[PDB]
file data32.txt (compact mmCIF, C-alpha atoms and all ligand atoms)
# COMPACT_ATOMS: atom_id res chain seq x y z
CA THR X 1 69.71 -51.68 138.36
CA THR X 2 72.20 -54.18 139.78
CA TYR X 3 72.39 -52.38 143.13
CA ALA X 4 68.60 -52.35 143.36
CA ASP X 5 68.54 -56.06 142.50
CA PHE X 6 71.06 -56.73 145.28
CA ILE X 7 68.87 -55.00 147.88
CA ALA X 8 65.86 -56.92 146.56
CA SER X 9 67.69 -60.25 146.90
CA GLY X 10 67.34 -60.15 150.69
CA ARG X 11 70.97 -61.29 150.90
CA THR X 12 72.59 -58.03 152.08
CA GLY X 13 73.10 -59.18 155.70
CA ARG X 14 75.70 -61.51 157.11
CA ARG X 15 75.63 -64.81 155.21
CA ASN X 16 75.69 -68.24 156.86
CA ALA X 17 77.73 -71.10 155.52
CA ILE X 18 75.94 -74.12 154.08
CA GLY W 1 110.30 -58.59 126.57
CA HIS W 2 108.13 -57.06 129.27
CA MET W 3 110.88 -56.82 131.89
CA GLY W 4 114.32 -55.37 131.42
CA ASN W 5 117.26 -57.27 132.86
CA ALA W 6 117.34 -55.56 136.27
CA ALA W 7 113.58 -55.91 136.75
CA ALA W 8 113.64 -59.59 135.79
CA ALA W 9 116.57 -60.23 138.14
CA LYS W 10 114.85 -58.50 141.09
CA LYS W 11 111.59 -60.39 140.50
CA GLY W 12 113.40 -63.73 140.26
CA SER W 13 115.29 -63.10 143.48
CA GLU W 14 112.09 -62.03 145.23
CA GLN W 15 110.37 -65.29 144.24
CA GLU W 16 113.31 -67.39 145.44
CA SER W 17 113.25 -65.60 148.80
CA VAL W 18 109.53 -66.41 149.14
CA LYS W 19 110.34 -70.08 148.55
CA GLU W 20 113.05 -69.92 151.23
CA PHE W 21 110.55 -68.34 153.64
CA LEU W 22 107.83 -70.92 152.97
CA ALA W 23 110.25 -73.80 153.47
CA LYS W 24 111.22 -72.56 156.93
CA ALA W 25 107.58 -71.77 157.76
CA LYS W 26 106.42 -75.28 156.85
CA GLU W 27 109.11 -76.69 159.15
CA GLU W 28 107.84 -74.55 162.05
CA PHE W 29 104.22 -75.47 161.30
CA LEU W 30 104.90 -79.21 161.25
CA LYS W 31 106.76 -79.14 164.57
CA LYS W 32 103.80 -77.52 166.33
CA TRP W 33 101.30 -79.63 164.35
CA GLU W 34 102.93 -82.80 165.67
CA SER W 35 103.20 -81.53 169.28
CA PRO W 36 100.32 -79.16 170.06
CA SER W 37 99.97 -76.94 173.10
CA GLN W 38 97.26 -77.73 175.65
CA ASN W 39 95.87 -76.04 178.79
CA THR W 40 97.90 -72.83 178.84
CA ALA W 41 95.44 -70.95 181.13
CA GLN W 42 92.15 -71.32 183.02
CA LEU W 43 88.80 -69.58 183.29
CA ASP W 44 89.31 -67.67 186.54
CA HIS W 45 92.35 -65.97 184.97
CA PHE W 46 89.88 -63.72 183.11
CA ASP W 47 87.10 -61.22 183.81
CA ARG W 48 83.98 -61.42 181.62
CA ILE W 49 83.25 -58.09 179.87
CA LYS W 50 80.79 -58.55 177.00
CA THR W 51 79.27 -61.13 174.67
CA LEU W 52 80.41 -60.36 171.12
CA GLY W 53 78.59 -63.22 169.36
CA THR W 54 76.56 -66.37 169.88
CA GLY W 55 75.29 -69.40 168.01
CA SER W 56 74.19 -73.02 168.21
CA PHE W 57 77.63 -74.23 169.37
CA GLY W 58 78.73 -71.53 171.80
CA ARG W 59 79.52 -67.84 172.24
CA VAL W 60 82.42 -65.39 171.91
CA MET W 61 83.17 -63.04 174.80
CA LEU W 62 85.41 -60.07 175.35
CA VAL W 63 87.47 -60.96 178.42
CA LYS W 64 90.27 -59.22 180.26
CA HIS W 65 93.22 -61.13 181.70
CA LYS W 66 93.20 -60.27 185.41
CA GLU W 67 96.98 -60.03 185.83
CA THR W 68 98.20 -58.51 182.55
CA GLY W 69 95.15 -56.36 181.81
CA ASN W 70 95.24 -57.69 178.25
CA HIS W 71 91.94 -58.07 176.42
CA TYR W 72 91.13 -61.24 174.49
CA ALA W 73 88.30 -62.80 172.54
CA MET W 74 87.31 -66.04 174.24
CA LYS W 75 85.39 -68.62 172.21
CA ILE W 76 83.35 -70.83 174.55
CA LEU W 77 82.08 -74.07 173.01
CA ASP W 78 79.89 -76.42 175.05
CA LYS W 79 81.22 -79.98 174.74
CA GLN W 80 77.74 -81.52 174.65
CA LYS W 81 76.40 -78.97 172.15
CA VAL W 82 79.36 -79.75 169.87
CA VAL W 83 79.17 -83.55 170.16
CA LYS W 84 75.40 -83.44 169.53
CA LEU W 85 75.87 -81.25 166.42
CA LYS W 86 78.39 -83.28 164.35
CA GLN W 87 81.09 -80.64 164.93
CA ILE W 88 83.66 -82.51 167.03
CA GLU W 89 86.15 -83.03 164.20
CA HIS W 90 85.94 -79.43 162.97
CA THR W 91 86.50 -78.03 166.47
CA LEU W 92 89.48 -80.29 167.22
CA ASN W 93 90.95 -79.49 163.80
CA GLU W 94 90.41 -75.73 164.09
CA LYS W 95 92.22 -75.64 167.42
CA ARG W 96 94.98 -77.86 166.04
CA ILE W 97 95.51 -75.50 163.09
CA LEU W 98 95.35 -72.30 165.15
CA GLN W 99 97.97 -73.41 167.65
CA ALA W 100 100.33 -74.48 164.83
CA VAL W 101 100.12 -71.60 162.30
CA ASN W 102 102.07 -68.34 162.47
CA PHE W 103 101.35 -65.51 160.02
CA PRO W 104 100.79 -61.75 160.49
CA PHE W 105 97.23 -61.88 159.04
CA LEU W 106 95.98 -64.89 161.06
CA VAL W 107 94.41 -64.23 164.47
CA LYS W 108 96.70 -65.61 167.17
CA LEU W 109 95.50 -68.22 169.65
CA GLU W 110 97.06 -67.03 172.90
CA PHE W 111 95.64 -69.65 175.31
CA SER W 112 93.46 -72.73 175.20
CA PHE W 113 92.02 -75.06 177.83
CA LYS W 114 88.91 -77.01 178.79
CA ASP W 115 86.94 -77.54 181.97
CA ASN W 116 84.28 -80.08 182.93
CA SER W 117 81.83 -78.96 180.23
CA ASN W 118 83.32 -76.41 177.81
CA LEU W 119 86.15 -75.84 175.36
CA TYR W 120 87.85 -72.44 175.47
CA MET W 121 89.94 -70.70 172.83
CA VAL W 122 91.47 -67.39 173.87
CA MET W 123 92.68 -65.35 170.92
CA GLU W 124 93.96 -61.82 170.61
CA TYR W 125 91.12 -59.33 170.52
CA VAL W 126 90.66 -57.66 167.12
CA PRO W 127 88.63 -54.58 168.04
CA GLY W 128 87.80 -53.33 164.53
CA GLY W 129 85.20 -56.04 163.91
CA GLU W 130 84.47 -57.62 160.54
CA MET W 131 85.22 -56.10 157.15
CA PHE W 132 81.58 -56.95 156.39
CA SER W 133 80.19 -54.12 158.56
CA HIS W 134 82.61 -51.53 157.21
CA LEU W 135 81.92 -52.53 153.59
CA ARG W 136 78.16 -52.34 154.01
CA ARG W 137 78.48 -48.95 155.77
CA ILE W 138 80.83 -47.30 153.25
CA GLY W 139 79.13 -49.05 150.30
CA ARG W 140 82.24 -50.10 148.38
CA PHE W 141 86.00 -49.73 148.64
CA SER W 142 88.15 -47.87 146.13
CA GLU W 143 90.39 -50.13 144.04
CA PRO W 144 93.52 -49.13 146.07
CA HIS W 145 91.62 -49.92 149.27
CA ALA W 146 90.41 -53.28 147.90
CA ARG W 147 93.95 -54.03 146.70
CA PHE W 148 95.40 -53.44 150.18
CA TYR W 149 93.11 -56.14 151.61
CA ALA W 150 93.43 -58.43 148.57
CA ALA W 151 97.24 -58.44 148.81
CA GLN W 152 97.01 -59.72 152.39
CA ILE W 153 94.66 -62.54 151.39
CA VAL W 154 97.00 -63.48 148.52
CA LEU W 155 99.93 -63.79 150.93
CA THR W 156 97.80 -65.57 153.53
CA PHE W 157 96.59 -68.14 150.98
CA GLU W 158 100.14 -68.52 149.66
CA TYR W 159 101.13 -69.37 153.26
CA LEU W 160 98.21 -71.70 154.00
CA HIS W 161 98.42 -73.54 150.67
CA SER W 162 102.12 -74.18 151.24
CA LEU W 163 101.01 -76.02 154.40
CA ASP W 164 98.54 -78.07 152.28
CA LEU W 165 95.68 -76.24 153.98
CA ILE W 166 92.59 -75.27 151.95
CA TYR W 167 90.71 -72.51 153.75
CA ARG W 168 87.22 -72.75 152.14
CA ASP W 169 85.32 -69.95 153.86
CA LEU W 170 86.64 -66.67 152.55
CA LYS W 171 84.08 -63.82 152.88
CA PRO W 172 84.09 -60.32 154.44
CA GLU W 173 82.28 -61.74 157.47
CA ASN W 174 85.43 -63.76 158.31
CA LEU W 175 87.97 -60.94 157.91
CA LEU W 176 88.58 -58.85 161.03
CA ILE W 177 90.31 -55.47 160.92
CA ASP W 178 92.95 -54.72 163.53
CA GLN W 179 94.07 -51.43 165.11
CA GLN W 180 96.56 -50.82 162.28
CA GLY W 181 93.89 -51.45 159.64
CA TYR W 182 95.28 -54.85 158.60
CA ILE W 183 93.30 -58.06 158.16
CA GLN W 184 93.08 -60.81 160.76
CA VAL W 185 91.60 -63.98 159.34
CA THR W 186 89.27 -65.80 161.69
CA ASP W 187 87.60 -69.20 161.58
CA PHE W 188 89.33 -72.41 160.56
CA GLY W 189 86.41 -74.76 161.17
CA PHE W 190 86.11 -75.59 157.47
CA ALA W 191 89.83 -75.74 156.67
CA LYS W 192 91.30 -79.09 155.68
CA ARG W 193 94.94 -80.16 155.57
CA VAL W 194 94.79 -82.27 152.44
CA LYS W 195 96.91 -82.70 149.34
CA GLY W 196 95.14 -83.74 146.17
CA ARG W 197 91.32 -83.65 146.19
CA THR W 198 88.50 -83.48 148.71
CA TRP W 199 84.76 -83.68 148.29
CA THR W 200 82.83 -81.92 151.12
CA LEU W 201 80.05 -79.50 150.18
CA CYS W 202 80.92 -76.55 152.40
CA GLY W 203 81.27 -72.80 152.24
CA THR W 204 78.97 -69.83 151.66
CA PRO W 205 76.77 -69.78 148.55
CA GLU W 206 78.01 -66.52 147.01
CA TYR W 207 81.65 -67.68 147.37
CA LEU W 208 81.32 -71.32 146.20
CA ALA W 209 83.53 -72.30 143.28
CA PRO W 210 81.68 -74.02 140.40
CA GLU W 211 83.46 -77.31 141.00
CA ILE W 212 82.06 -77.38 144.54
CA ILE W 213 78.50 -76.76 143.31
CA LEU W 214 78.90 -79.41 140.62
CA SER W 215 79.78 -82.13 143.19
CA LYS W 216 83.30 -82.59 141.87
CA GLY W 217 86.45 -83.50 143.66
CA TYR W 218 88.18 -80.17 144.14
CA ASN W 219 91.44 -78.70 145.41
CA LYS W 220 92.99 -75.43 146.61
CA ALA W 221 91.87 -73.63 143.44
CA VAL W 222 88.50 -73.02 145.16
CA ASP W 223 90.28 -70.52 147.46
CA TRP W 224 91.51 -68.57 144.45
CA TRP W 225 87.99 -68.50 143.00
CA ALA W 226 86.76 -67.19 146.35
CA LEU W 227 89.45 -64.48 146.20
CA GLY W 228 87.91 -63.33 142.92
CA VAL W 229 84.50 -63.13 144.58
CA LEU W 230 85.94 -61.16 147.50
CA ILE W 231 87.83 -58.69 145.32
CA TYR W 232 84.69 -58.12 143.24
CA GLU W 233 82.49 -57.59 146.30
CA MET W 234 85.00 -55.22 147.92
CA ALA W 235 85.21 -53.08 144.76
CA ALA W 236 81.53 -53.24 143.72
CA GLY W 237 79.83 -53.38 147.11
CA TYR W 238 77.91 -56.50 146.08
CA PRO W 239 79.15 -59.94 145.01
CA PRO W 240 79.32 -61.07 141.36
CA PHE W 241 76.63 -63.75 141.71
CA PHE W 242 73.53 -63.18 143.78
CA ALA W 243 69.84 -63.96 143.72
CA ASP W 244 66.89 -64.50 146.07
CA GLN W 245 67.76 -68.17 146.64
CA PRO W 246 71.05 -70.12 146.61
CA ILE W 247 69.97 -72.46 143.78
CA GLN W 248 69.64 -69.39 141.53
CA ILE W 249 73.05 -68.22 142.74
CA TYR W 250 74.57 -71.59 141.81
CA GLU W 251 73.19 -71.42 138.24
CA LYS W 252 74.88 -68.06 137.74
CA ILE W 253 78.17 -69.29 139.22
CA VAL W 254 78.40 -72.28 136.90
CA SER W 255 77.31 -70.36 133.77
CA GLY W 256 80.77 -68.90 133.14
CA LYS W 257 79.36 -65.37 132.81
CA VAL W 258 80.09 -62.35 135.02
CA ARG W 259 79.18 -58.68 134.52
CA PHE W 260 81.22 -55.81 135.94
CA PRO W 261 80.29 -52.28 137.04
CA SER W 262 81.39 -49.65 134.55
CA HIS W 263 83.70 -48.11 137.17
CA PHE W 264 85.89 -51.25 137.36
CA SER W 265 89.31 -50.62 135.80
CA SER W 266 90.42 -52.68 132.82
CA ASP W 267 93.16 -54.22 134.97
CA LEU W 268 90.64 -55.27 137.63
CA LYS W 269 88.28 -56.87 135.09
CA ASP W 270 91.16 -58.85 133.57
CA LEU W 271 92.31 -60.11 136.98
CA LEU W 272 88.75 -61.05 137.95
CA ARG W 273 88.08 -62.87 134.68
CA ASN W 274 91.16 -64.97 135.42
CA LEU W 275 90.15 -65.73 139.02
CA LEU W 276 86.42 -66.24 138.29
CA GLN W 277 87.38 -68.75 135.61
CA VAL W 278 85.18 -71.84 135.55
CA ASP W 279 87.84 -73.82 133.68
CA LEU W 280 90.34 -75.17 136.22
CA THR W 281 93.01 -75.52 133.53
CA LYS W 282 92.85 -71.72 133.07
CA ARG W 283 92.17 -70.31 136.55
CA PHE W 284 94.86 -68.10 138.04
CA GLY W 285 96.53 -69.60 141.06
CA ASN W 286 96.13 -73.06 139.51
CA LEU W 287 98.59 -72.83 136.57
CA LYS W 288 102.28 -73.60 136.10
CA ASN W 289 103.35 -70.27 137.62
CA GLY W 290 101.20 -70.67 140.74
CA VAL W 291 100.44 -67.62 142.86
CA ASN W 292 102.91 -65.63 140.76
CA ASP W 293 100.30 -65.22 138.01
CA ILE W 294 98.35 -63.26 140.62
CA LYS W 295 101.19 -61.36 142.31
CA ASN W 296 102.63 -60.31 138.93
CA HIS W 297 99.30 -59.23 137.42
CA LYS W 298 99.01 -55.62 136.27
CA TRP W 299 96.36 -54.86 138.90
CA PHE W 300 98.99 -55.56 141.60
CA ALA W 301 101.77 -53.67 139.77
CA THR W 302 102.01 -51.07 142.57
CA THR W 303 101.99 -53.65 145.37
CA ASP W 304 105.17 -54.01 147.44
CA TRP W 305 104.53 -57.57 148.59
CA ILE W 306 107.29 -57.62 151.22
CA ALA W 307 106.16 -54.27 152.63
CA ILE W 308 102.63 -55.70 152.95
CA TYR W 309 104.00 -58.77 154.74
CA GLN W 310 106.14 -56.59 157.04
CA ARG W 311 103.06 -54.43 157.81
CA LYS W 312 104.97 -51.32 156.74
CA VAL W 313 102.30 -50.01 154.33
CA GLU W 314 99.97 -47.39 155.78
CA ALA W 315 96.44 -48.75 155.67
CA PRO W 316 93.87 -46.72 153.70
CA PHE W 317 91.38 -47.11 156.57
CA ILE W 318 91.77 -47.41 160.35
CA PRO W 319 88.64 -48.31 162.37
CA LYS W 320 87.61 -45.91 165.10
CA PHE W 321 89.16 -47.17 168.36
CA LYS W 322 88.14 -45.61 171.69
CA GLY W 323 90.83 -47.57 173.54
CA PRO W 324 91.50 -51.14 174.62
CA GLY W 325 88.31 -53.00 175.45
CA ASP W 326 86.27 -50.95 172.97
CA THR W 327 83.24 -53.00 171.88
CA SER W 328 81.68 -50.51 169.44
CA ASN W 329 82.46 -52.51 166.28
CA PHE W 330 80.33 -55.43 167.59
CA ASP W 331 76.63 -55.78 168.40
CA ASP W 332 74.83 -56.06 171.76
CA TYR W 333 73.64 -59.42 173.10
CA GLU W 334 71.87 -60.77 176.15
CA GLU W 335 74.53 -61.74 178.69
CA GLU W 336 73.71 -65.35 179.50
CA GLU W 337 75.62 -67.14 182.24
CA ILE W 338 78.57 -69.49 181.74
CA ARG W 339 77.88 -72.60 183.82
CA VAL W 340 80.24 -75.54 184.28
CA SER W 341 79.77 -78.93 185.96
CA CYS W 346 81.95 -85.31 177.71
CA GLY W 347 85.58 -86.36 177.96
CA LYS W 348 85.36 -88.75 175.01
CA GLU W 349 86.99 -87.50 171.78
CA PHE W 350 87.92 -84.15 173.37
CA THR W 351 91.02 -85.76 174.93
CA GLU W 352 93.17 -84.02 172.33
CA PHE W 353 91.91 -80.50 173.06
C1 LIG V 1 79.81 -68.20 168.67
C2 LIG V 1 80.77 -68.64 167.56
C3 LIG V 1 82.21 -68.59 168.07
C4 LIG V 1 80.42 -70.08 167.12
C5 LIG V 1 79.14 -70.22 166.33
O1 LIG V 1 78.10 -69.67 166.63
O2 LIG V 1 79.27 -71.00 165.29
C6 LIG V 1 80.62 -67.73 166.32
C7 LIG V 1 80.95 -66.27 166.53
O3 LIG V 1 80.30 -65.59 167.32
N1 LIG V 1 81.96 -65.72 165.82
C8 LIG V 1 82.69 -66.42 164.76
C9 LIG V 1 82.85 -65.48 163.60
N2 LIG V 1 83.26 -65.73 162.32
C10 LIG V 1 83.22 -64.56 161.65
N3 LIG V 1 82.82 -63.56 162.42
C11 LIG V 1 82.57 -64.15 163.65
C12 LIG V 1 82.02 -63.46 164.86
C13 LIG V 1 82.31 -64.32 166.09
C14 LIG V 1 83.74 -64.14 166.50
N4 LIG V 1 84.32 -63.01 166.71
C15 LIG V 1 85.63 -63.38 166.95
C16 LIG V 1 86.66 -62.40 167.31
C17 LIG V 1 87.98 -62.79 167.46
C18 LIG V 1 88.92 -61.84 167.80
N5 LIG V 1 88.63 -60.55 168.01
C19 LIG V 1 87.35 -60.19 167.85
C20 LIG V 1 86.34 -61.07 167.51
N6 LIG V 1 85.84 -64.66 166.90
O4 LIG V 1 84.57 -65.19 166.61
call {"tool": "encode", "arguments": {"input": "data32.txt", "output": "structure tokens", "more": "lines below"}}
Ligand SMILES: CC(C)(CC(=O)O)CC(=O)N1Cc2nc[nH]c2C[C@@H]1c1nc(-c2ccncc2)no1
result
Amino acid sequence: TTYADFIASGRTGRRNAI
Amino acid sequence: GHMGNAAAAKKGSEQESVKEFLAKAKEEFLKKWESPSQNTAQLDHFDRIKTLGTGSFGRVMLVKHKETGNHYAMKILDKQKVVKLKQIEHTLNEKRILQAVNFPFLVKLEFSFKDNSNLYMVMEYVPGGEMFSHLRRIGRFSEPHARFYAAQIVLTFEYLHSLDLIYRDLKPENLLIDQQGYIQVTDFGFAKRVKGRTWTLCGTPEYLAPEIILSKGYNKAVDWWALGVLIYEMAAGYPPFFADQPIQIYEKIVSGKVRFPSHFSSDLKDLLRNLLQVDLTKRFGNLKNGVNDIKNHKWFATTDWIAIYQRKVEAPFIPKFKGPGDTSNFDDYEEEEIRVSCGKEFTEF
């Protein structure tokens, strides 16, 4: 599922700028 | 047509009043822009309470003004750590913007000064913390809840863009929630006061417009793309384009395809398809009718834009607030010392 894929992405925490 | 005579007349008058407001606001902005404020307080005016954040350039502390008892968030940047990190221009520019702008959804710089070694920016303390934490905790916001926040960003971008400012770092991490539940935008280090085009690769991967990824000259339309990303993430609980690595994110962004959760309303999908539009000639916010394509969209049909601006709408969510000085919506850090003792280039601060 999309939600599961989001958790798997490892990008659920605060995101740094480039 | 779609509007009867009285509805068309009221809308037209509302849009002319916005133009009158923006004209006066640009005149105020330019006056402060040309003659900034400097050294309106000093360090011993404040008691140190708690470190709210830290990074490679400096830290942010909760402080209390000794004489008024007012709490503030004090950003402390070390002059040498900024000069040796290629951040001097962004810091000077962020302070220049903050002392010149005036809008109910922009955090207010109350004081600024410098000592022998550090730059200090003292802004009003927003005790609710970032929207990010609340969104991850609750999971996702209802569409009326998302719309309440989105309407404030629309007005804030309408304000900033009238000043020729592109913001370039919209994300929930940069949106603070105040004691009335309204948004306070923080961080102007990436903003640029430029008409026309600019070229810098900057921003956060999930929120990058395709034209940024594709190494194009770009303009304020990137902020309206980022609004689409934010509205999506607020309503879904996850952003429209994500992957393990940014390069895979960028491929999805440029592909011109987006999928929506089945609980998204038809109105929301239509708005988001028009904001998350790869084609600049078709992206809302970037067409003949400007921001009005957004403000007049069906998804915002129930939005009283003036009432949002006047902060007269009851927020759908108010953070828990155990009084002034409450730190609960922020994390816990090691309390390092602030030692004093790089005048070049920081003359303007
Ligand atoms: C240490 C720096 C200042 C520099 C750095 O490392 O690059 C970063 C930092 O710790 N930031 C910036 C920030 N942006 C989004 N969230 C955040 C968190 C934090 C921050 N809280 C606030 C603030 C303002 C008003 N009331 C409450 C809180 N102002 O800044």
call {"tool": "closest_residue", "arguments": {"input": "data32.txt", "among": "W:242, W:29, W:46, W:330", "to": "chain X", "atoms": "only C-alpha atoms"}}
result
W:242
call {"tool": "residues_near_point", "arguments": {"input": "data32.txt", "point": "(70.6, -66.9, 147.1)", "cutoff": "12 Å", "atoms": "all atoms listed in the file", "output": "ChimeraX atom specification"}}
result
/X:5-6,8-13,15-18 /W:204-208,239-253
call {"tool": "closest_atom_pairs", "arguments": {"input": "data32.txt", "of": "chain W", "to": "ligand LIG 1 (chain V)", "cutoff": "8 Å", "atoms": "all atoms listed in the file", "output": "Markdown table"}}
result
| residue | atom | partner | partner_atom | distance |
| --- | --- | --- | --- | --- |
| W:52 | CA | V:LIG1 | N4 | 6.5 |
| W:53 | CA | V:LIG1 | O3 | 3.6 |
| W:54 | CA | V:LIG1 | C1 | 3.9 |
| W:55 | CA | V:LIG1 | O1 | 3.1 |
| W:56 | CA | V:LIG1 | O1 | 5.4 |
| W:57 | CA | V:LIG1 | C5 | 5.3 |
| W:58 | CA | V:LIG1 | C1 | 4.7 |
| W:59 | CA | V:LIG1 | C1 | 3.6 |
| W:60 | CA | V:LIG1 | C3 | 5.0 |
| W:62 | CA | V:LIG1 | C19 | 7.7 |
| W:72 | CA | V:LIG1 | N5 | 7.0 |
| W:73 | CA | V:LIG1 | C18 | 4.9 |
| W:74 | CA | V:LIG1 | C17 | 7.5 |
| W:75 | CA | V:LIG1 | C3 | 5.2 |
| W:76 | CA | V:LIG1 | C3 | 7.0 |
| W:77 | CA | V:LIG1 | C4 | 7.3 |
| W:107 | CA | V:LIG1 | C18 | 6.9 |
| W:123 | CA | V:LIG1 | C18 | 6.0 |
| W:124 | CA | V:LIG1 | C18 | 5.8 |
| W:125 | CA | V:LIG1 | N5 | 3.7 |
| W:126 | CA | V:LIG1 | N5 | 3.6 |
| W:127 | CA | V:LIG1 | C19 | 5.8 |
| W:128 | CA | V:LIG1 | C19 | 7.6 |
| W:129 | CA | V:LIG1 | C19 | 6.1 |
| W:130 | CA | V:LIG1 | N3 | 6.4 |
| W:173 | CA | V:LIG1 | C10 | 5.1 |
| W:174 | CA | V:LIG1 | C10 | 4.1 |
| W:175 | CA | V:LIG1 | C10 | 7.0 |
| W:176 | CA | V:LIG1 | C19 | 7.1 |
| W:186 | CA | V:LIG1 | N2 | 6.0 |
| W:187 | CA | V:LIG1 | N2 | 5.6 |
call {"tool": "residues_around", "arguments": {"input": "data32.txt", "residues": "stretch 263-277 of chain W", "least_positions_apart": "4", "cutoff": "6 Å", "atoms": "all atoms listed in the file", "output": "PyMOL selection string"}}
result
chain W and resi 225+228+283-284+299
call {"tool": "atom_distance", "arguments": {"input": "data32.txt", "atom1": "atom CA of residue W:279", "atom2": "atom CA of residue W:294"}}
result
16.4 Å
call {"tool": "residues_around", "arguments": {"input": "data32.txt", "residues": "stretch 32-36 of chain W", "least_positions_apart": "3", "cutoff": "9 Å", "atoms": "only C-alpha atoms", "output": "ChimeraX atom specification"}}
result
/W:27-29,96-97,99-101,352
call {"tool": "atom_distance", "arguments": {"input": "data32.txt", "atom1": "atom CA of residue W:308", "atom2": "atom CA of residue W:234"}}
result
18.3 Å
call {"tool": "closest_residue", "arguments": {"input": "data32.txt", "among": "W:309, W:44, W:150, W:220", "to": "residue W:67", "atoms": "all atoms listed in the file"}}
result
W:44
call {"tool": "atom_distance", "arguments": {"input": "data32.txt", "atom1": "atom CA of residue W:37", "atom2": "atom CA of residue W:98"}}
result
10.3 Å
call {"tool": "residues_around", "arguments": {"input": "data32.txt", "residues": "stretch 139-141 of chain W", "least_positions_apart": "2", "cutoff": "8 Å", "atoms": "all atoms listed in the file", "output": "PyMOL selection string"}}
result
chain W and resi 135-137+143-146+233-237
call {"tool": "residues_around", "arguments": {"input": "data32.txt", "residues": "residue W:156", "least_positions_apart": "3", "cutoff": "10 Å", "atoms": "only C-alpha atoms", "output": "JSON, numbers by chain"}}
result
{"W": [103, 104, 105, 106, 150, 151, 152, 153, 159, 160, 161, 162, 167, 183, 184, 185, 309]}
call {"tool": "residues_around", "arguments": {"input": "data32.txt", "residues": "residue W:180", "least_positions_apart": "3", "cutoff": "8 Å", "atoms": "all atoms listed in the file", "output": "VMD selection string"}}
result
chain W and resid 177 315 318
